[PDB]
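> Contents of structure31.csv (CSV, C-alpha atoms and all ligand atoms) are below:
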chain,number,residue,atom,x,y,z
A,12,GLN,CA,-160.9,46.5,155.4
A,13,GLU,CA,-163.9,45.7,157.6
A,14,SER,CA,-162.6,42.3,158.6
A,15,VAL,CA,-159.3,43.7,159.9
A,16,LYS,CA,-161.2,46.6,161.6
A,17,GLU,CA,-163.5,44.2,163.3
A,18,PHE,CA,-160.6,41.9,164.2
A,19,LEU,CA,-158.7,44.7,165.8
A,20,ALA,CA,-161.7,46.1,167.6
A,21,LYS,CA,-162.3,42.7,169.2
A,22,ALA,CA,-158.5,42.3,169.9
A,23,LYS,CA,-158.6,45.6,171.9
A,24,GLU,CA,-161.7,44.7,173.8
A,25,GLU,CA,-160.2,41.4,174.9
A,26,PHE,CA,-156.8,43.0,175.7
A,27,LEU,CA,-158.4,45.7,177.8
A,28,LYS,CA,-160.4,43.3,179.9
A,29,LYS,CA,-157.3,41.4,180.9
A,30,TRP,CA,-155.3,44.7,181.2
A,31,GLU,CA,-157.7,46.1,183.7
A,32,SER,CA,-157.9,42.9,185.8
A,33,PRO,CA,-154.5,41.2,185.5
A,34,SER,CA,-154.0,37.6,186.6
A,35,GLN,CA,-151.7,37.0,189.5
A,36,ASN,CA,-150.2,34.1,191.4
A,37,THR,CA,-151.2,31.3,189.1
A,38,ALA,CA,-148.4,28.8,189.9
A,39,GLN,CA,-145.5,28.3,192.3
A,40,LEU,CA,-141.9,27.3,192.0
A,41,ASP,CA,-142.1,23.8,193.5
A,42,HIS,CA,-144.6,22.8,190.8
A,43,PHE,CA,-141.7,22.7,188.4
A,44,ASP,CA,-138.5,20.8,187.9
A,45,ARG,CA,-135.6,22.9,186.7
A,46,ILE,CA,-133.9,21.5,183.5
A,47,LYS,CA,-131.4,23.9,182.0
A,48,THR,CA,-130.5,27.6,181.8
A,49,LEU,CA,-131.4,28.9,178.3
A,50,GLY,CA,-130.3,32.6,178.8
A,51,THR,CA,-129.1,35.2,181.2
A,52,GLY,CA,-129.2,38.9,181.8
A,53,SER,CA,-128.0,41.4,184.3
A,54,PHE,CA,-131.1,40.8,186.5
A,55,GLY,CA,-132.5,37.4,185.6
A,56,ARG,CA,-132.3,34.2,183.6
A,57,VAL,CA,-134.6,32.0,181.6
A,58,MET,CA,-134.7,28.3,182.4
A,59,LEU,CA,-136.3,25.4,180.7
A,60,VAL,CA,-138.5,23.8,183.3
A,61,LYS,CA,-141.0,20.9,183.4
A,62,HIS,CA,-144.3,20.9,185.2
A,63,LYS,CA,-144.2,18.0,187.6
A,64,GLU,CA,-147.9,17.1,187.2
A,65,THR,CA,-148.5,17.5,183.5
A,66,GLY,CA,-145.0,17.0,182.2
A,67,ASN,CA,-145.3,20.1,180.0
A,68,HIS,CA,-142.1,22.1,179.3
A,69,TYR,CA,-142.0,25.8,179.7
A,70,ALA,CA,-139.5,28.6,179.5
A,71,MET,CA,-139.4,30.2,183.0
A,72,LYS,CA,-138.1,33.7,183.2
A,73,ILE,CA,-136.8,34.3,186.7
A,74,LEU,CA,-136.1,38.0,187.7
A,75,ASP,CA,-134.2,38.8,190.9
A,76,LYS,CA,-136.2,41.6,192.6
A,77,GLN,CA,-133.2,43.2,194.2
A,78,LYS,CA,-131.4,43.4,190.9
A,79,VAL,CA,-134.5,44.7,189.1
A,80,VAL,CA,-134.6,47.6,191.6
A,81,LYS,CA,-130.9,48.3,191.4
A,82,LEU,CA,-130.9,48.3,187.6
A,83,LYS,CA,-134.0,50.6,187.6
A,84,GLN,CA,-136.2,48.0,185.8
A,85,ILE,CA,-139.2,48.0,188.2
A,86,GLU,CA,-141.7,49.6,185.8
A,87,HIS,CA,-140.3,47.6,182.9
A,88,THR,CA,-140.8,44.3,184.7
A,89,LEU,CA,-144.3,45.3,185.7
A,90,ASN,CA,-145.1,46.3,182.1
A,91,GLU,CA,-143.7,43.0,180.8
A,92,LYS,CA,-145.9,40.8,182.9
A,93,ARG,CA,-149.1,43.0,182.7
A,94,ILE,CA,-148.8,43.1,178.9
A,95,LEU,CA,-148.0,39.4,178.5
A,96,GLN,CA,-150.9,38.3,180.5
A,97,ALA,CA,-153.2,40.5,178.4
A,98,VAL,CA,-152.2,39.8,174.8
A,99,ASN,CA,-153.1,37.0,172.5
A,100,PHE,CA,-151.7,36.7,169.0
A,101,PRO,CA,-150.4,33.8,166.9
A,102,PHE,CA,-146.8,35.2,166.8
A,103,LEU,CA,-146.4,36.2,170.5
A,104,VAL,CA,-145.1,33.7,173.0
A,105,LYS,CA,-147.9,32.9,175.5
A,106,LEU,CA,-147.5,33.5,179.2
A,107,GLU,CA,-148.9,30.5,180.9
A,108,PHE,CA,-148.3,31.3,184.6
A,109,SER,CA,-146.8,34.0,186.7
A,110,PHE,CA,-146.0,34.3,190.4
A,111,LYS,CA,-143.5,35.8,192.8
A,112,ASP,CA,-141.8,34.7,196.0
A,113,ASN,CA,-139.5,36.4,198.6
A,114,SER,CA,-136.7,36.8,196.1
A,115,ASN,CA,-137.9,36.5,192.5
A,116,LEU,CA,-140.5,37.3,189.9
A,117,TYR,CA,-141.5,34.4,187.6
A,118,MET,CA,-143.0,34.4,184.2
A,119,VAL,CA,-143.7,30.9,182.9
A,120,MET,CA,-144.0,31.0,179.1
A,121,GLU,CA,-144.4,28.5,176.4
A,122,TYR,CA,-141.1,26.9,175.4
A,123,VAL,CA,-140.2,27.1,171.7
A,124,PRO,CA,-137.5,24.5,171.0
A,125,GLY,CA,-136.4,25.7,167.6
A,126,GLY,CA,-134.2,28.4,168.9
A,127,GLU,CA,-133.6,32.0,168.1
A,128,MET,CA,-133.7,33.4,164.6
A,129,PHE,CA,-130.3,34.9,165.5
A,130,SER,CA,-128.7,31.4,165.6
A,131,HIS,CA,-130.3,30.3,162.3
A,132,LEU,CA,-129.4,33.5,160.5
A,133,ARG,CA,-125.8,33.4,161.7
A,134,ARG,CA,-125.6,29.7,160.7
A,135,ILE,CA,-127.0,30.2,157.2
A,136,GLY,CA,-125.4,33.6,156.6
A,137,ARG,CA,-128.4,35.4,155.1
A,138,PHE,CA,-131.9,34.6,154.3
A,139,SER,CA,-133.2,34.8,150.7
A,140,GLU,CA,-135.8,37.6,150.2
A,141,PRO,CA,-138.7,35.1,150.3
A,142,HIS,CA,-137.5,33.7,153.5
A,143,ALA,CA,-136.9,37.1,155.1
A,144,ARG,CA,-140.3,38.2,153.8
A,145,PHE,CA,-142.1,35.3,155.5
A,146,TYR,CA,-140.7,36.4,158.9
A,147,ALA,CA,-141.1,40.1,158.2
A,148,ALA,CA,-144.8,39.6,157.4
A,149,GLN,CA,-145.3,38.0,160.8
A,150,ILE,CA,-143.6,40.9,162.5
A,151,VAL,CA,-145.8,43.4,160.4
A,152,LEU,CA,-148.9,41.6,161.6
A,153,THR,CA,-147.6,41.4,165.2
A,154,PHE,CA,-146.9,45.2,165.3
A,155,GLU,CA,-150.2,46.0,163.7
A,156,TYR,CA,-151.8,44.0,166.6
A,157,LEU,CA,-149.6,45.5,169.3
A,158,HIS,CA,-149.8,49.1,168.1
A,159,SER,CA,-153.6,48.9,167.8
A,160,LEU,CA,-153.5,48.2,171.6
A,161,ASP,CA,-151.3,51.2,172.1
A,162,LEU,CA,-148.4,48.9,172.9
A,163,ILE,CA,-144.8,49.6,171.7
A,164,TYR,CA,-142.5,46.6,171.6
A,165,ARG,CA,-139.1,48.3,171.7
A,166,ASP,CA,-136.9,45.2,171.5
A,167,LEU,CA,-137.1,43.9,168.0
A,168,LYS,CA,-133.9,42.0,167.1
A,169,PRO,CA,-133.1,38.5,165.8
A,170,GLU,CA,-132.4,37.1,169.3
A,171,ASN,CA,-136.0,37.9,170.4
A,172,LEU,CA,-137.7,35.9,167.6
A,173,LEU,CA,-137.9,32.2,168.2
A,174,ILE,CA,-138.6,29.7,165.4
A,175,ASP,CA,-141.4,27.2,166.3
A,176,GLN,CA,-142.2,23.7,165.3
A,177,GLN,CA,-144.0,24.9,162.2
A,178,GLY,CA,-141.2,27.3,161.2
A,179,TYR,CA,-143.2,30.4,162.3
A,180,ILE,CA,-141.9,33.2,164.5
A,181,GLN,CA,-142.8,33.6,168.2
A,182,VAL,CA,-141.8,37.0,169.6
A,183,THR,CA,-140.3,36.7,173.1
A,184,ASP,CA,-139.0,39.2,175.7
A,185,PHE,CA,-141.5,41.9,176.5
A,186,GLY,CA,-139.1,43.5,179.0
A,187,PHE,CA,-139.2,46.9,177.2
A,188,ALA,CA,-142.8,46.7,175.9
A,189,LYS,CA,-145.0,49.5,177.2
A,190,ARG,CA,-148.5,50.8,176.8
A,191,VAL,CA,-148.1,54.3,175.4
A,192,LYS,CA,-150.8,56.4,173.9
A,193,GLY,CA,-148.6,59.3,172.8
A,194,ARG,CA,-144.9,59.4,173.4
A,195,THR,CA,-142.4,57.8,175.8
A,196,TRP,CA,-138.8,58.7,176.7
A,197,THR,CA,-136.8,55.7,178.1
A,198,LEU,CA,-133.5,54.8,176.5
A,199,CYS,CA,-133.8,51.1,175.9
A,200,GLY,CA,-133.1,48.6,173.1
A,201,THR,CA,-130.0,47.2,171.5
A,202,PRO,CA,-127.8,49.7,169.7
A,203,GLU,CA,-128.0,48.4,166.2
A,204,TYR,CA,-131.8,48.5,166.3
A,205,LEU,CA,-132.4,51.9,167.9
A,206,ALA,CA,-134.3,54.6,165.9
A,207,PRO,CA,-132.6,58.0,165.6
A,208,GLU,CA,-135.1,59.6,167.8
A,209,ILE,CA,-134.2,57.2,170.7
A,210,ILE,CA,-130.5,58.0,170.2
A,211,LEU,CA,-131.3,61.7,170.3
A,212,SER,CA,-133.2,61.5,173.6
A,213,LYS,CA,-136.5,62.6,172.0
A,214,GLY,CA,-140.0,61.7,173.0
A,215,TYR,CA,-140.7,58.8,170.6
A,216,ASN,CA,-143.6,56.6,169.6
A,217,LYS,CA,-144.5,53.4,167.8
A,218,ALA,CA,-142.5,54.6,164.8
A,219,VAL,CA,-139.4,53.2,166.5
A,220,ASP,CA,-140.8,49.7,166.1
A,221,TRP,CA,-141.1,50.2,162.3
A,222,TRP,CA,-137.6,51.5,162.2
A,223,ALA,CA,-136.4,48.4,164.0
A,224,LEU,CA,-138.3,46.3,161.4
A,225,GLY,CA,-136.3,48.0,158.7
A,226,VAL,CA,-133.1,47.0,160.5
A,227,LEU,CA,-134.4,43.5,161.0
A,228,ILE,CA,-135.3,43.0,157.3
A,229,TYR,CA,-132.0,44.5,156.2
A,230,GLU,CA,-130.1,42.2,158.6
A,231,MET,CA,-132.1,39.1,157.5
A,232,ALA,CA,-131.5,39.8,153.8
A,233,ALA,CA,-127.9,40.9,154.1
A,234,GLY,CA,-126.6,38.8,157.0
A,235,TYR,CA,-125.5,41.9,159.0
A,236,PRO,CA,-127.2,45.1,160.2
A,237,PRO,CA,-127.2,48.3,158.2
A,238,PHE,CA,-125.5,50.6,160.8
A,239,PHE,CA,-122.8,48.1,161.9
A,240,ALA,CA,-119.8,49.5,163.7
A,241,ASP,CA,-117.4,48.2,166.3
A,242,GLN,CA,-118.6,50.4,169.2
A,243,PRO,CA,-122.0,51.8,170.1
A,244,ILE,CA,-121.0,55.5,169.7
A,245,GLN,CA,-120.0,54.8,166.1
A,246,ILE,CA,-123.2,52.8,165.5
A,247,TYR,CA,-125.2,55.8,166.8
A,248,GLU,CA,-123.4,58.2,164.4
A,249,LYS,CA,-124.3,56.0,161.5
A,250,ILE,CA,-127.9,55.7,162.6
A,251,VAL,CA,-128.5,59.4,162.9
A,252,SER,CA,-126.9,60.0,159.6
A,253,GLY,CA,-129.2,57.3,158.2
A,254,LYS,CA,-126.9,56.8,155.3
A,255,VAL,CA,-127.4,53.1,154.4
A,256,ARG,CA,-125.6,51.1,151.7
A,257,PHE,CA,-127.5,48.3,150.3
A,258,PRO,CA,-125.9,45.1,148.9
A,259,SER,CA,-126.3,44.9,145.1
A,260,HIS,CA,-128.1,41.6,145.5
A,261,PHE,CA,-131.1,43.4,147.2
A,262,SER,CA,-134.0,43.7,144.9
A,263,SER,CA,-135.2,47.2,144.0
A,264,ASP,CA,-138.4,46.6,145.9
A,265,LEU,CA,-136.5,45.6,149.0
A,266,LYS,CA,-134.3,48.7,148.8
A,267,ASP,CA,-137.4,50.9,148.4
A,268,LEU,CA,-139.2,49.4,151.4
A,269,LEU,CA,-136.0,49.8,153.5
A,270,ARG,CA,-135.5,53.4,152.5
A,271,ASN,CA,-139.0,54.1,153.8
A,272,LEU,CA,-138.7,52.1,157.1
A,273,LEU,CA,-135.1,53.5,157.7
A,274,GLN,CA,-136.4,57.0,157.3
A,275,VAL,CA,-134.6,59.2,159.8
A,276,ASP,CA,-137.5,61.7,159.8
A,277,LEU,CA,-140.1,59.8,161.9
A,278,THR,CA,-142.9,61.9,160.3
A,279,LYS,CA,-142.1,60.4,156.9
A,280,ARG,CA,-141.4,56.8,158.1
A,281,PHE,CA,-143.6,53.9,156.8
A,282,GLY,CA,-145.8,52.7,159.5
A,283,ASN,CA,-146.2,56.2,160.9
A,284,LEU,CA,-148.0,57.9,157.9
A,285,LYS,CA,-151.8,58.5,157.5
A,286,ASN,CA,-152.3,55.0,156.1
A,287,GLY,CA,-150.5,53.4,159.0
A,288,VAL,CA,-149.4,49.7,158.5
A,289,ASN,CA,-151.1,49.6,155.1
A,290,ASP,CA,-148.2,51.5,153.5
A,291,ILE,CA,-146.1,48.5,154.5
A,292,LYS,CA,-148.6,45.7,153.7
A,293,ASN,CA,-149.3,47.2,150.2
A,294,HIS,CA,-145.7,47.8,149.3
A,295,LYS,CA,-144.4,46.0,146.3
A,296,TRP,CA,-141.9,44.0,148.3
A,297,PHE,CA,-144.9,42.3,149.9
A,298,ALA,CA,-147.0,41.8,146.7
A,299,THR,CA,-146.7,38.0,146.9
A,300,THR,CA,-147.7,37.9,150.6
A,301,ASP,CA,-151.1,36.5,151.5
A,302,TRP,CA,-151.6,38.3,154.8
A,303,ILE,CA,-154.5,36.2,155.9
A,304,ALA,CA,-152.8,33.0,155.1
A,305,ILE,CA,-149.8,34.1,157.1
A,306,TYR,CA,-152.1,35.0,160.1
A,307,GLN,CA,-153.8,31.6,159.8
A,308,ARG,CA,-150.5,29.8,159.6
A,309,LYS,CA,-151.4,28.2,156.3
A,310,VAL,CA,-148.2,29.1,154.4
A,311,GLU,CA,-145.5,26.5,154.3
A,312,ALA,CA,-142.5,27.9,156.2
A,313,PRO,CA,-139.0,28.3,154.6
A,314,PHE,CA,-137.6,25.8,157.0
A,315,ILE,CA,-138.4,23.8,160.1
A,316,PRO,CA,-135.7,23.9,162.8
A,317,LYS,CA,-134.2,20.6,163.6
A,318,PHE,CA,-135.1,19.4,167.1
A,319,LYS,CA,-136.0,16.1,168.7
A,320,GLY,CA,-139.0,17.0,170.8
A,321,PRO,CA,-140.6,19.6,173.1
A,322,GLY,CA,-137.8,19.2,175.7
A,323,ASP,CA,-134.8,19.4,173.3
A,324,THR,CA,-132.4,22.3,174.2
A,325,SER,CA,-129.9,21.7,171.3
A,326,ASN,CA,-130.8,25.0,169.6
A,327,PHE,CA,-130.0,27.0,172.7
A,328,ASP,CA,-126.6,27.8,174.2
A,329,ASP,CA,-124.9,26.4,177.3
A,330,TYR,CA,-124.6,28.6,180.4
A,331,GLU,CA,-123.2,28.0,183.9
A,332,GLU,CA,-125.9,26.5,186.0
A,333,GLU,CA,-126.6,28.6,189.1
A,334,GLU,CA,-128.9,28.2,192.1
A,335,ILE,CA,-132.5,29.5,192.2
A,336,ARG,CA,-132.3,30.7,195.8
A,337,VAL,CA,-135.3,32.0,197.6
A,338,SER,CA,-134.6,34.2,200.6
A,339,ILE,CA,-136.2,33.4,203.9
A,340,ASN,CA,-137.1,37.1,204.1
A,341,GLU,CA,-139.3,39.0,201.6
A,342,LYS,CA,-137.4,41.5,199.4
A,343,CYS,CA,-138.9,44.5,197.7
A,344,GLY,CA,-142.5,43.6,198.5
A,345,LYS,CA,-143.8,47.1,198.1
A,346,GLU,CA,-142.2,47.7,194.7
A,347,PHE,CA,-143.7,44.5,193.2
A,348,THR,CA,-147.1,44.5,195.0
A,349,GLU,CA,-149.0,44.5,191.7
A,350,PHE,CA,-147.1,41.6,190.1
A,401,LIG,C1,-133.1,37.4,181.8
A,401,LIG,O1,-132.7,37.0,180.5
A,401,LIG,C2,-133.7,36.7,179.7
A,401,LIG,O2,-134.8,36.7,180.0
A,401,LIG,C3,-133.2,36.4,178.4
A,401,LIG,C4,-131.9,36.4,178.0
A,401,LIG,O3,-131.7,36.0,176.6
A,401,LIG,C5,-133.1,35.7,176.3
A,401,LIG,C6,-133.6,35.3,175.0
A,401,LIG,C7,-133.3,36.4,173.9
A,401,LIG,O4,-133.5,37.7,174.5
A,401,LIG,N1,-135.0,34.9,174.9
A,401,LIG,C8,-135.4,33.6,175.7
A,401,LIG,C9,-136.9,33.3,175.5
A,401,LIG,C10,-137.3,31.9,175.8
A,401,LIG,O5,-136.5,30.9,175.2
A,401,LIG,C11,-135.1,31.1,175.5
A,401,LIG,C12,-134.5,32.5,175.2
A,401,LIG,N2,-134.0,36.0,177.3
Can you give me the file's structure in the form of structure tokens?
Ligand SMILES: COC(=O)c1coc([C@H](CO)NC2CCOCC2)n1

Amino acid sequence: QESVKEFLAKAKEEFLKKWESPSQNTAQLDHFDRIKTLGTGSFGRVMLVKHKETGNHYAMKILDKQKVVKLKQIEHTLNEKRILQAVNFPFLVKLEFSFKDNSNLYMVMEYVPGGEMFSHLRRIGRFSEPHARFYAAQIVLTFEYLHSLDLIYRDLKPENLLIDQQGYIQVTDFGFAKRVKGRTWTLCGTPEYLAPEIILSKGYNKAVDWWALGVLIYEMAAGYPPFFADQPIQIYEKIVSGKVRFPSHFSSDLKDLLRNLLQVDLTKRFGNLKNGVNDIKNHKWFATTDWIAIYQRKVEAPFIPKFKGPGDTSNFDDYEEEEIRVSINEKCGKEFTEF
């Protein structure tokens, strides 16, 4: 379709210009007031902050450089910031500022108060097929965009999808995203969502994102993921078998789409065939989806998360509040020069 082709050509042109000349050092820490910790990880945290001059709220991801190095995440953190400052799509969280100091890397992103899809899914139990399909369509369009830029996302899971004030998805956490023109090899991603070729230590490509979409759609429509087991080793055994049991309440069209996304043979997997994303967009399960209306955010969403305003944190969890300490001495300057 000429309009999609022209859209994606322009998208790549615009991405490449920012990719080749990344923005750097566009804010500093004392421009913000810290409000609340929204999430943690082994090498950083994400805090709700408020800009002191504008009053705008943001989600500030703070990465400890020394822990990034120790956990062998240097390239991944450089990927994350370089990609985020270069992309632009309705369903991707926007990076507004980035900077670094003696101790930390900072990515200041839009704050989405509706919370993670994970929370809403666990609260409701499962989404109806129309509700799952609305979110899935946004992921399909997002992956069509990312993959056209030679980007692999590699962290699709319900925790990484925020629900915004219109009830639409915003994909967050580009910590594993990478520009890859052929194959890549790193073991990363959450066990339940890993494609077989990742588990088997193969060179893999964008087809792993389409596998993860199959896992996501299954989990949204069932309320639990298809390869569920108590420990990762047992999850991995189920994944590589690819034996999947579908709830009888799944429609036949849903089952057919899922068998083609959860195809162990990556050379047969939807999204990775000659017709690319169009095998997904044209599948019967998506027959009711108006792809353009989704892109233009003209479809009424299945629900609007309850929240009081742009500063409300009620849809996020409570964490111990720790210092944001900045050393008097620069750490790991060399490793993060390009950030
Ligand atoms: C270092 O730890 C993180 O950066 C982190 C941990 O948990 C999360 C979640 C889901 O991954 N995403 C944010 C995105 C912005 O709004 C709150 C949640 N991020």
> So that I can see what lies close to residue A:237, please list as a PDB file with C-alpha atoms, in the coordinates of the input the residues with an atom at most 12 Å from it, counting all atoms listed in the file and leaving out residues fewer than 4 positions away in the same chain.

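Written output follows (result_18.pdb):
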ATOM      1  CA  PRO A 202    -127.800  49.700 169.700  1.00  0.00           C
ATOM      2  CA  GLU A 203    -128.000  48.400 166.200  1.00  0.00           C
ATOM      3  CA  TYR A 204    -131.800  48.500 166.300  1.00  0.00           C
ATOM      4  CA  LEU A 205    -132.400  51.900 167.900  1.00  0.00           C
ATOM      5  CA  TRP A 222    -137.600  51.500 162.200  1.00  0.00           C
ATOM      6  CA  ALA A 223    -136.400  48.400 164.000  1.00  0.00           C
ATOM      7  CA  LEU A 224    -138.300  46.300 161.400  1.00  0.00           C
ATOM      8  CA  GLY A 225    -136.300  48.000 158.700  1.00  0.00           C
ATOM      9  CA  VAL A 226    -133.100  47.000 160.500  1.00  0.00           C
ATOM     10  CA  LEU A 227    -134.400  43.500 161.000  1.00  0.00           C
ATOM     11  CA  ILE A 228    -135.300  43.000 157.300  1.00  0.00           C
ATOM     12  CA  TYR A 229    -132.000  44.500 156.200  1.00  0.00           C
ATOM     13  CA  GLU A 230    -130.100  42.200 158.600  1.00  0.00           C
ATOM     14  CA  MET A 231    -132.100  39.100 157.500  1.00  0.00           C
ATOM     15  CA  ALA A 232    -131.500  39.800 153.800  1.00  0.00           C
ATOM     16  CA  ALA A 233    -127.900  40.900 154.100  1.00  0.00           C
ATOM     17  CA  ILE A 246    -123.200  52.800 165.500  1.00  0.00           C
ATOM     18  CA  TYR A 247    -125.200  55.800 166.800  1.00  0.00           C
ATOM     19  CA  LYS A 249    -124.300  56.000 161.500  1.00  0.00           C
ATOM     20  CA  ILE A 250    -127.900  55.700 162.600  1.00  0.00           C
ATOM     21  CA  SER A 252    -126.900  60.000 159.600  1.00  0.00           C
ATOM     22  CA  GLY A 253    -129.200  57.300 158.200  1.00  0.00           C
ATOM     23  CA  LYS A 254    -126.900  56.800 155.300  1.00  0.00           C
ATOM     24  CA  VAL A 255    -127.400  53.100 154.400  1.00  0.00           C
ATOM     25  CA  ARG A 256    -125.600  51.100 151.700  1.00  0.00           C
ATOM     26  CA  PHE A 257    -127.500  48.300 150.300  1.00  0.00           C
ATOM     27  CA  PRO A 258    -125.900  45.100 148.900  1.00  0.00           C
ATOM     28  CA  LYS A 266    -134.300  48.700 148.800  1.00  0.00           C
ATOM     29  CA  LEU A 269    -136.000  49.800 153.500  1.00  0.00           C
ATOM     30  CA  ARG A 270    -135.500  53.400 152.500  1.00  0.00           C
ATOM     31  CA  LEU A 273    -135.100  53.500 157.700  1.00  0.00           C
TER      32      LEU A 273
END
> Report, in Å to a single decimal, how far apart atom CA of residue A:169 and atom CA of residue A:142 are.
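Result for atom CA of residue A:142 versus atom CA of residue A:169: 13.9 Å, one decimal.
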> Taking all atoms listed in the file into account, which residues are within 8 Å of ligand LIG 401 (chain A), as a PyMOL selection string?
chain A and resi 49-59+70-74+120-124+126-127+170-173+183-184+327
> May I have the residues from that selection written out with C-alpha atoms, as a PDB file, in the coordinates of the input?

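Output file result_28.pdb is given in full below:
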ATOM      1  CA  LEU A  49    -131.400  28.900 178.300  1.00  0.00           C
ATOM      2  CA  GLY A  50    -130.300  32.600 178.800  1.00  0.00           C
ATOM      3  CA  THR A  51    -129.100  35.200 181.200  1.00  0.00           C
ATOM      4  CA  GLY A  52    -129.200  38.900 181.800  1.00  0.00           C
ATOM      5  CA  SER A  53    -128.000  41.400 184.300  1.00  0.00           C
ATOM      6  CA  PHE A  54    -131.100  40.800 186.500  1.00  0.00           C
ATOM      7  CA  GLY A  55    -132.500  37.400 185.600  1.00  0.00           C
ATOM      8  CA  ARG A  56    -132.300  34.200 183.600  1.00  0.00           C
ATOM      9  CA  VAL A  57    -134.600  32.000 181.600  1.00  0.00           C
ATOM     10  CA  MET A  58    -134.700  28.300 182.400  1.00  0.00           C
ATOM     11  CA  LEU A  59    -136.300  25.400 180.700  1.00  0.00           C
ATOM     12  CA  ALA A  70    -139.500  28.600 179.500  1.00  0.00           C
ATOM     13  CA  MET A  71    -139.400  30.200 183.000  1.00  0.00           C
ATOM     14  CA  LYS A  72    -138.100  33.700 183.200  1.00  0.00           C
ATOM     15  CA  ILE A  73    -136.800  34.300 186.700  1.00  0.00           C
ATOM     16  CA  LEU A  74    -136.100  38.000 187.700  1.00  0.00           C
ATOM     17  CA  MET A 120    -144.000  31.000 179.100  1.00  0.00           C
ATOM     18  CA  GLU A 121    -144.400  28.500 176.400  1.00  0.00           C
ATOM     19  CA  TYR A 122    -141.100  26.900 175.400  1.00  0.00           C
ATOM     20  CA  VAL A 123    -140.200  27.100 171.700  1.00  0.00           C
ATOM     21  CA  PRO A 124    -137.500  24.500 171.000  1.00  0.00           C
ATOM     22  CA  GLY A 126    -134.200  28.400 168.900  1.00  0.00           C
ATOM     23  CA  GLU A 127    -133.600  32.000 168.100  1.00  0.00           C
ATOM     24  CA  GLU A 170    -132.400  37.100 169.300  1.00  0.00           C
ATOM     25  CA  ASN A 171    -136.000  37.900 170.400  1.00  0.00           C
ATOM     26  CA  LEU A 172    -137.700  35.900 167.600  1.00  0.00           C
ATOM     27  CA  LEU A 173    -137.900  32.200 168.200  1.00  0.00           C
ATOM     28  CA  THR A 183    -140.300  36.700 173.100  1.00  0.00           C
ATOM     29  CA  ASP A 184    -139.000  39.200 175.700  1.00  0.00           C
ATOM     30  CA  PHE A 327    -130.000  27.000 172.700  1.00  0.00           C
TER      31      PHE A 327
END
> Just the residues within 10 Å of residue A:348, please, counting all atoms listed in the file, with nothing from its chain fewer than 3 positions along; format it as a short mmCIF file (atom, residue, chain, number, x, y, z; two decimals) with C-alpha atoms, in the frame of the given file.

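And here is the file that came out, around-v4.cif:
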data_model
loop_
_atom_site.label_atom_id
_atom_site.label_comp_id
_atom_site.auth_asym_id
_atom_site.auth_seq_id
_atom_site.Cartn_x
_atom_site.Cartn_y
_atom_site.Cartn_z
CA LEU A 89 -144.30 45.30 185.70
CA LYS A 111 -143.50 35.80 192.80
CA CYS A 343 -138.90 44.50 197.70
CA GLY A 344 -142.50 43.60 198.50
CA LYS A 345 -143.80 47.10 198.10
#
> Grab the atom CA of residue A:275 to atom CA of residue A:195 distance for me, in Å with one decimal place.
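Pair atom CA of residue A:275 / atom CA of residue A:195 returns 17.9 Å.
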> Which residues are near stretch 209-215 of chain A? Cut-off 10 Å, all atoms listed in the file, ignore same chain within fewer than 2 positions. Put them as a ChimeraX atom specification.
/A:191,193-200,202,205-207,217-219,244,247-248,250-251,277
> Write a file of the selected residues as an mmCIF file, keeping the file's coordinate frame, keeping C-alpha atoms.

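Output contents, as saved in out_11.cif:
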data_model
loop_
_atom_site.group_PDB
_atom_site.id
_atom_site.type_symbol
_atom_site.label_atom_id
_atom_site.label_comp_id
_atom_site.auth_asym_id
_atom_site.auth_seq_id
_atom_site.Cartn_x
_atom_site.Cartn_y
_atom_site.Cartn_z
ATOM 1 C CA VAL A 191 -148.100 54.300 175.400
ATOM 2 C CA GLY A 193 -148.600 59.300 172.800
ATOM 3 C CA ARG A 194 -144.900 59.400 173.400
ATOM 4 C CA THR A 195 -142.400 57.800 175.800
ATOM 5 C CA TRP A 196 -138.800 58.700 176.700
ATOM 6 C CA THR A 197 -136.800 55.700 178.100
ATOM 7 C CA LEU A 198 -133.500 54.800 176.500
ATOM 8 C CA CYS A 199 -133.800 51.100 175.900
ATOM 9 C CA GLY A 200 -133.100 48.600 173.100
ATOM 10 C CA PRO A 202 -127.800 49.700 169.700
ATOM 11 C CA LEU A 205 -132.400 51.900 167.900
ATOM 12 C CA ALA A 206 -134.300 54.600 165.900
ATOM 13 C CA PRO A 207 -132.600 58.000 165.600
ATOM 14 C CA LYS A 217 -144.500 53.400 167.800
ATOM 15 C CA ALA A 218 -142.500 54.600 164.800
ATOM 16 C CA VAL A 219 -139.400 53.200 166.500
ATOM 17 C CA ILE A 244 -121.000 55.500 169.700
ATOM 18 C CA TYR A 247 -125.200 55.800 166.800
ATOM 19 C CA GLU A 248 -123.400 58.200 164.400
ATOM 20 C CA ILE A 250 -127.900 55.700 162.600
ATOM 21 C CA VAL A 251 -128.500 59.400 162.900
ATOM 22 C CA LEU A 277 -140.100 59.800 161.900
#
> Residues at most 10 Å from residue A:322, counting all atoms listed in the file, excluding those fewer than 3 positions away in the same chain, as a compact mmCIF listing (two decimals) with C-alpha atoms, in the coordinates of the input?

# COMPACT_ATOMS: atom_id res chain seq x y z
CA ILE A 46 -133.90 21.50 183.50
CA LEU A 59 -136.30 25.40 180.70
CA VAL A 60 -138.50 23.80 183.30
CA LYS A 61 -141.00 20.90 183.40
CA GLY A 66 -145.00 17.00 182.20
CA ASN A 67 -145.30 20.10 180.00
CA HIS A 68 -142.10 22.10 179.30
CA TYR A 69 -142.00 25.80 179.70
CA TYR A 122 -141.10 26.90 175.40
CA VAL A 123 -140.20 27.10 171.70
CA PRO A 124 -137.50 24.50 171.00
CA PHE A 318 -135.10 19.40 167.10
CA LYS A 319 -136.00 16.10 168.70
CA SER A 325 -129.90 21.70 171.30
